[PDB]
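Peer 1: Take this structure, written in structure tokens, and hold onto it; I'll ask about it next.
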């Protein structure tokens with residue numbers, strides 16, 4: 001029902017900054033949790049940050065104060081402001097959305 | 001509202017036994033907690049045992065396994081079976097009954113004395 | 001009186017088997033073990049079963065007086081009622097109400113107050129609900145503490161549960177066993193007046209568990225705790241006493257912000273919930289969602305496959 | 001209009017709304033010598049939560065977050081997270097995170113922690129001094145005096161479970177804690193904000209009716225009396241029903257179901273507290289199955305029968 005695409009990655013120097021975006025479409029009125037995940041090499045897919053429709057946020061300890069999640073009120077897009085980037089932040093970043101108690105959709 | 005009257009105290013040998021009785025009169029239907037208190041020489045009045053209308057009992061540690069409270073289903077009388085008496089149990093024993101949140105009635109008080117005598 | 005369930009969200013409710021809040025809903029197959037908890041058992045019309053009582057904080061707590069062997073550190077507690085009245089073992093219950101219903105090592109604090117002067121003391125204590133001397137039905141529970149002389153006899157003593165532990169040398173998460181009932185009267189005895197075991201009988205349905213994470217105090221313990229009914233549902237059913245007009249009640253979990261019906265489930269009259277799903281899965285719910293009673297349906301009602 | 005009502009749960013079956021312990025008795029007494037302004041157990045009859053009041057009875061006086069410390073120190077600073085482990089929002093119009101203790105004293109409990117990677121757990125004795133200058137839950141920081149100096153790991157979920165209160169046995173007995181002294185929620189110099197109002201009996205000859213528990217004592221000679229204005233189950237009930245108040249005072253009657261007789265009547269004020277017609281201190285001896293029953297809406301000038 002919901003399909004997303006991320007945009008904003010690439011190479012940057014340590015201590016730099018990147019802003020990741022994720023565009024949603026199709027019954028985004030059902031979306032009630034928007035999150036970011038990352039896949040470091042050799043490790044499993046771990047959570048980065050989440051945000052609810054009401055704006056309730058959660059960040060993981062490793063990114064506290066450096067990363068920030070935000071979303072548009074229409075839930076058509078949510079972002080991830082990454083500041084002060086360290087070598088441990090290297091990996092593939094997937095944006096995530098929850099549409100139902102079981103249903104969920106990932107990014108490419 | 002409720003009047004109480006104790007009976008069955010007196011002198012008893014160490015290790016002896018006594019059975020106290022509290023006679024209740026009046027609005028006995030309003031009682032929902034019956035109990036026994038005692039006032040030992042040089043001590044304040046202290047609780048000994050209580051029993052509710054449903055039969056939930058409580059015995060203080062110093063008398064656990066020796067004293068036994070019981071009551072009639074009509075709440076016109078409750079009892080205290082005192083076994084294995086020691087000189088420390090000497091004192092004036094009062095029967096008690098709660099009729100309201102701040103309303104209760106006290107018995108007159110019977111003397112129980114545990115000591116070797118003639 | 002018409003039947004209804006509380007409007008409290010999942011995170012606003014308490015686990016009925018340990019004084020901790022609920023965290024999530026969980027469903028999975030339950031054929032590999034016996035689902036027979038004694039706490040959190042209550043029919044939809046308000047009949048408490050097993051060792052279930054109404055206080056959410058008086059779960060896994062103990063009250064009484066303590067004695068011990070000189071030089072030893074395991075104290076034996078002669079149990080009293082939750083209100084310090086004498087314990088009555090003749091009641092038709094498996095154990096004192098609120099007794100733990102799982103085999104494991106519960107760690108907490110044993111506190112004591114000397115009545116004559118109000119002096120207090122507290123020590124770390126652990127109760128081994130699988131040990132041979134765990135006999136709450138007889139009114140006796142053993143506590144392993146960290147002091148060998150500090151606890152006085154004939155004084156009011158209370159155990160406050162905190163979490164669970166396990167032997168770090170053994171396999172990880174092998175303890176506790178949340179689906180293994182303790183022997184309430186001692187090693188050799190048999191339990192009595194148990195709440196019946198629960199299993200999803202409808203084809204394609206699984207139990208819906210209200211899951212919390214028990215705090216861990218040492219080792220690598222299995223901290224999952226699933227209860228069949230939130231404690232607030234037990235309190236609600238006991239007060240409403242609304243009669244059941246069927247054997248299953250259809251509930252809808254709804255998001256009050258959008259009106260979306262997020263899933264459907266059956267609330268059985270004996271006091272447990274089933275959902276149409278196959279496999280283990282956590283349920284991701286919005287923070288405001290809650291259950292709503294729809295109607296009494298028949299037992300052959302097929303739920304929407306969800307949750 | 002939804003009819004108003006109070007739960008039929010007995011006093012023994014209900015929880016204190018200021019500490020995760022069961023209720024023991026009803027108590028009344030004069031309240032002019034101190035300020036009755038607790039922040040937990042505050043809720044109007046139509047379900048408006050006040051102060052720091054939330055709905056979980058077991059999460060009163062509990063803290064969640066991650067811990068750090070000066071290297072080698074036994075004192076740990078906990079950065080508070082939400083109860084569901086989400087980010088703490090210090091901008092909400094509340095005096096402090098919901099469930100924060102509303103009295104000055106030393107609360108002893110257990111600080112537990114789980115390492116996410118391998119599931120290893122640890123737990124240690126811990127004490128939070130809610131009267132200390134370092135107690136600042138509104139800013140998201142709370143310190144715990146523990147018995148370890150290197151066991152707790154950083155960036156891991158940590159939780160404080162309260163157990164009881166302590167007191168210095170070398171000082172005046174029962175001088176601590178002070179249940180009617182609110183903590184400084186953002187530090188010793190800051191000012192508390194968005195507090196629930198103070199409560200005092202206004203009708204002449206009336207006194208507050210307290211729902212009393214005895215906090216467990218862990219060391220010393222602490223004042224273990226804890227009075228709350230409403231049982232936690234009543235806070236849960238009013239929040240759910242949200243029945244509109246037809247007047248400023250709801251008249252309640254305490255009934256013994258073994259006999260049907262009314263033992264006393266009291267005023268349940270709309271703002272969320274109870275008064276009785278009595279003068280002086282007194283513990284109430286109630287039947288084990290007694291319960292409160294809503295009977296009618298009266299006004300503030302109603303005269304109660306002199307009981308309770």
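Peer 1: Report, in degrees rounded to the nearest 10, the 0 to 90 angle that the Cα long axis of helix C:231-240 makes with the longest principal axis of chain C.
Peer 2: Orientation of helix C:231-240: about 70 degrees from the principal axis.
Peer 1: Relative contact order (percent) for segment A:3-106, with alpha-carbon contacts under 8 angstrom and 6 or more residues of separation?
Peer 2: Relative contact order comes out at 35 percent.
Peer 1: Compute the FRET efficiency between residue A:47 and residue D:198 as 1/(1 + (r/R0)^6), taking r as their Cβ-Cβ distance and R0 = 51 Å, and round to the nearest 0.05.
Peer 2: Numbers: r = 44 Å, r/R0 = 0.86.
With a Förster radius of 51 Å, E is 0.70.
Peer 1: Place the peptides A:47-55, C:196-204 in order of packing, highest mean first, counting for every residue the other Cβ atoms within 10 Å and averaging per peptide.
Peer 2: The peptides rank, most packed first, as A:47-55, C:196-204.
Peer 1: Ok, one more. Could you give the distance between the Cα centres of segment C:173-188 and segment D:21-92, to the whole Å?
Peer 2: Taking the Cα centre of each part, segment C:173-188 and segment D:21-92 sit 34 Å apart.
Peer 1: Taking a temperature of 25 °C and a viscosity of 0.890 mPa s, what whole-number D in µm²/s does Stokes-Einstein yield for the protein assembly as shown with Rh from Kirkwood over alpha carbon pairs?
Peer 2: Result for D is 84 µm²/s.
Peer 1: Find the centroid of the Cα atoms in segment B:67-97 and in segment C:255-307, then give the distance between the two in whole Å.
Peer 2: Distance between centres, Cα-based: 57 Å.
Peer 1: Here's another thing I want to ask about it. Hey, with R₀ at 45 Å, roughly what FRET efficiency would residue D:293 and residue B:3 work out to, going by the Cβ-Cβ distance, to 0.05?
Peer 2: Details: r = 31 Å, r/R0 = 0.68.
That gives a FRET efficiency of 0.90.
Peer 1: Arrange the peptides C:119-129, B:75-85 so that the one whose residues have, on average, the most other Cβ atoms within 10 Å appears first.
Peer 2: Result, highest mean first: C:119-129, B:75-85.
Peer 1: Kindly give the semi-axes, whole Å and largest first, of the ellipsoid equivalent to segment D:1-122, taking each as the square root of 5 times a Cα gyration tensor eigenvalue.
Peer 2: Working from the Cα gyration tensor, I get semi-axes of 32, 18, 17 Å.
Peer 1: For peptide D:235-243, what's the mean number of Cβ atoms from other chains within 10 Å of each residue's Cβ?
Peer 2: Mean inter-chain Cβ contacts per residue within 10 Å come to 3.
Peer 1: Considering the alpha-carbon set of segment C:31-73 alone, what are its Rg and its Dmax in angstrom?
Peer 2: 16.6, 51
Peer 1: Hey, another quick one. Please work out whether segment A:3-106 counts as rounded, prolate or oblate from its C-alpha gyration tensor, where a ≥ b ≥ c are the square roots of the eigenvalues and a/c under 1.5 means rounded, while otherwise a/b larger than b/c means prolate and anything else oblate?
Peer 2: On the way: a/c = 1.81, a/b = 1.67, b/c = 1.08.
Judged from the Cα gyration tensor, segment A:3-106 comes out prolate (a/c at least 1.5, a/b above b/c).
Peer 1: If each of residue B:88 and residue D:190 carries a label point 7 Å out from its Cα toward its Cβ, how far apart are those two points in nm?
Peer 2: Distance between label points: 5.4 nm.
Peer 1: Now, a different point. If you rank C:26, D:135 by fewest surrounding Cβ atoms within 10 Å, what's the result?
Peer 2: On the way: C:26 18, D:135 24.
Fewest to most other Cβ atoms nearby, the residues stand as C:26, D:135.
Peer 1: Let me ask something else about it. Determine, for C:157, D:303, D:52, the number of other Cβ atoms within 10 Å of each Cβ, and report the residues in order from fewest to most.
Peer 2: Neighbour counts put them in this order, fewest first: D:303, C:157, D:52.
Peer 1: Follow-up. Give the relative contact order (percent, whole number) for segment D:32-189; include only Cα pairs under 8 Å separated by 6+ residues.
Peer 2: That works out to 29 percent.
Peer 1: Return the average number of partner chain Cβ atoms within 10 angstrom of each residue Cβ along peptide C:108-118.
Peer 2: What the average comes to for C:108-118 is 5.
Peer 1: Okay, moving on. For residue D:151 paired with residue B:72, estimate the spin-label separation in nm (one decimal), with each label point 7 Å from Cα along the Cα-to-Cβ line.
Peer 2: Distance between the two pseudo-spin positions: 6.1 nm.
Peer 1: Quote the relative contact order of segment D:200-308 in percent (integer), defining contacts as alpha-carbon pairs under 8 Å separated by 6+ residues.
Peer 2: Relative contact order for segment D:200-308 comes out at 30 percent.
Peer 1: So, one more: Could you put B:63, D:35, D:163, D:298 in order, starting from the residue whose Cβ has the fewest other Cβ atoms within 10 Å?
Peer 2: Result, fewest neighbours first: D:35, D:298, B:63, D:163.
Peer 1: Ignore the peptide's own chain and count Cβ atoms of other chains within 10 Å of each Cβ in D:119-127; give me the average, rounded.
Peer 2: Rounded to a whole number, the mean comes out at 6.
Every number here is computed from the coordinates shown, using simple stated rules; none is lab data. Backbone-built Cβ (ideal geometry, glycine too); neighbour counts: all protein chains shown.
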